[PDB]
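Two forms of a single protein chain come next, each set out by itself as structure tokens; they are called structure 1 and structure 2.
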Structure 1
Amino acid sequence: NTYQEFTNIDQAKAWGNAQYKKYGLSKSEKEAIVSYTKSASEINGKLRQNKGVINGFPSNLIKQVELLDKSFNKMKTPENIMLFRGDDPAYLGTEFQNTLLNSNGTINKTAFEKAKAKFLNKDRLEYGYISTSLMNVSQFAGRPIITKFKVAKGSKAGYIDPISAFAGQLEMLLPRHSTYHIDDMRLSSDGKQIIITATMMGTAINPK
């Protein structure tokens, strides 16, 4: 179908504000989110560490995860949208950590081919929450990997910018344990950046 890709920051912000205002998030869900934005790295890291099982989480964190998960019952995208985010070589695997790049800073031809062989045309499960943005912001650009997520209308996705620690701008959050199909993997004109286009399939966490 058709996918709305924002190009004007004011339009994006207005749109986001329009949805956020409708969520009707409790104080606890907002707080749970602010907390996520203050330590997304630790939380998502711990979720990956345990492939998603949370029964080993202290009460405080396990309480927050539950709020986070369920808050998505209030956050759905009203239309098809494109979300963006950047990643480092470790994203593709530990064996890419110090292999992806060339000495001149461009993606390595062979490394890229192995990346495609490993991911192209395959579903991928992300254990952590997925933070993204409504637009291709500067928070990226200097990152080896860029991903364009195609989120269909009705999908769980919430504009959380009003309550985040400006982690970039136009903060958009996706539920944890989501699967997505990587439809395309190409290089930029720069030759120093991998562009990954994917279709968001959804999460396995659907409480309530």
Structure 2
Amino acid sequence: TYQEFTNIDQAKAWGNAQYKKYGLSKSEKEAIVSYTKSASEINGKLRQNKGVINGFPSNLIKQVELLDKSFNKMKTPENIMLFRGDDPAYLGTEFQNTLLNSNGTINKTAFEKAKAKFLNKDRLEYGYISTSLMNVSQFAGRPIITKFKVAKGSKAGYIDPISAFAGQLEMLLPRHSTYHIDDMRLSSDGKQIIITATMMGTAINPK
């Protein structure tokens, strides 16, 4: 069983309790703050290169190194559910302008194609994975919702106390992580795809 927070104040209490113990350095905090301002750019380059960083400029490659290594200090003390919102391009380029019906519902053909592509399969993410402790942030309105099952001891950092966007209850996960998609269904709304996945871990494990 994975903890799933049902109250914002409780989630914050749990998150703060983890954060207090991290003991992040000044440069580590700075890399993390910058990440919250620039995630889609950093993650975009990681995705463009399938995780290869040796073509990254000095500033970016140093930030990646700091982010990577900060996860040595940030682990979850228990099994936890994390929530993530995604736009259609997350399913592939062919879904980008294709996922939605004209009335805002998920197209059933698009959905069935996505289900065939991803269900009961491992998926590798080259970018860092931004998630929230709950499903009530601004990202909860995106057409794709992922519920990640993250096991006790896994690399996972509560970065809300230093985020440029406090209130998101952000839990950051390492880049180059694999997860297994266990379930894919439509919301009762018909307006969202709800994905349940089991987080497996990251390939990025510096000494």
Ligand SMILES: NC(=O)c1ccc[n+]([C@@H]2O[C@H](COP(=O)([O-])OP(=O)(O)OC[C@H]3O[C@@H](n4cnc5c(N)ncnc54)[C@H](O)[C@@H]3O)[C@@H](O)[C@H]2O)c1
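Residues that one form lacks are left out of the comparison. Reference numbering: structure 1, starting with residue 1. Under this definition, the rigid core comprises the largest set of C-alpha atoms superposing within 1.5 Å between the forms.
The second of the two standalone chains is derived from the form solved in complex with nicotinamide-adenine-dinucleotide.
Superposing the rigid core between structures 1 and 2 leaves a single residue from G154, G45, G142, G56 with a C-alpha shift of at least 2 Å: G142. Summarising the core-aligned comparison between structures 1 and 2, the C-alpha atom of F166 is found to shift 1.1 Å.
A C-alpha shift of 0.2 Å is found for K13 between structures 1 and 2, based on superposition of the rigid core.
Taking residues common to both forms and aligning the rigid core, Cα displacements of 2 Å or more over three or more consecutive positions between structures 1 and 2 occur only in 140-142.
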